[PDB]
Amino acid sequence: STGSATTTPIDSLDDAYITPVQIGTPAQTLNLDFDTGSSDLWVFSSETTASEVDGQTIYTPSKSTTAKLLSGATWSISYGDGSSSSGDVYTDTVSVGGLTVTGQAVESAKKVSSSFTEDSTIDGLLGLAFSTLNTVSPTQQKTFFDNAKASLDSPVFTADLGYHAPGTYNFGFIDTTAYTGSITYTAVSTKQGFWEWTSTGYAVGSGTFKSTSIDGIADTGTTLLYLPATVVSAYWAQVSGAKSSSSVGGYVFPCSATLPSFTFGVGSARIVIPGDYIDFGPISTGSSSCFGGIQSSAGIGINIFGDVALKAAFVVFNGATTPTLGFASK
């Protein structure tokens, strides 16, 4: 089997992408944030504290004839940005782009943190990291991809995120029309539960490529590109007037600047992030200070190849017995 679904930016900055997901019988369609950095499929629901719902579409398990309470199961998650959510668990039928999993754990939110409430466009998350990170207790549950894998034509999914435009998540096949050149595959460590890999280096604009190993994760659920402070300093040094602002929380730059590209290495191949992709716009409405899309990971503990990087590529998440990642230009 295969599936194919369009993913759409939630706003004009590509802060996140939403993909429609059918849950239950009859289908209830929710727009979920597909997140290769986590492993829970959780939704706003009829059980969510009413004051914490503000415009999201909700899953109502009592209206699904295929929903079954997973007795005794609870979940609770905290994300790298400080947000969180928790609740109980149903199993139900879940379909993405024509690909159907029966008995998928659907984690129903009883509580969500304010950042989720405040974002009316995101109805939940669909985790695509490794199932060892799933938070369901006392019986850990499998991700949608893990449940679907055996049925797929090939045990893979691909992320093709657009710049200021829709893109595509495919399951079970490589669309060879969706990229240019070849796909370069690189080794993955699953020891932390992430799609963790080692980039071979970087370049700033037209500058020389610096060969250096940069371990990080491919994370569709993180907006920006988070890299070591040395690398980030070298990038922003090429932008007149750019500086790290402790009060804003990262590098800012004059909105009148033209940003240089940033290149990262995948083996001997190179992915070029155009400068435009690094502009996240005014820090507040009407400001002439703009927020940068490349930021230091020094306070995180891990480097993160988020959407800024991933949307410059066609990315293959190969879930074979020994997983690998693939990157191609597009």
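Note that chain A is numbered according to Swiss-Prot, with residues 90-419 shown in order.
When the header is checked for method, it gives X-ray crystallography, 1.2 Å.
Each residue, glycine too, has its Cβ placed from N, Cα and C.
Taken from Swiss-Prot, the feature domain 'Peptidase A1' applies to 106-417, supported by sequence analysis.
The active site feature in Swiss-Prot is assigned to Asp124 (among others). Non-local contacts of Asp124 (active site) by the CB criterion (under 8 A, 6+ apart in sequence, same chain) comprise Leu214, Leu215, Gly216, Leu217, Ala218, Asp308, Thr309, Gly310.
Annotation comment: Swiss-Prot describes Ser288 (among others) as active site. Around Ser288 (active site), the same-chain residues six or more apart in sequence whose CB sits under 8 Å from its CB are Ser302, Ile303, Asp304, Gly305, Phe353, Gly354, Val355, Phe394, listed in sequence order.
The feature disulfide bond is assigned by Swiss-Prot to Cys344-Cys379. All protein chains included, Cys344 (disulfide bond) registers 14 other Cβ atoms within 10 Å of its own Cβ. A coil conformation is recorded for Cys344 (disulfide bond) in the three-state DSSP classification, outside any helix or strand.
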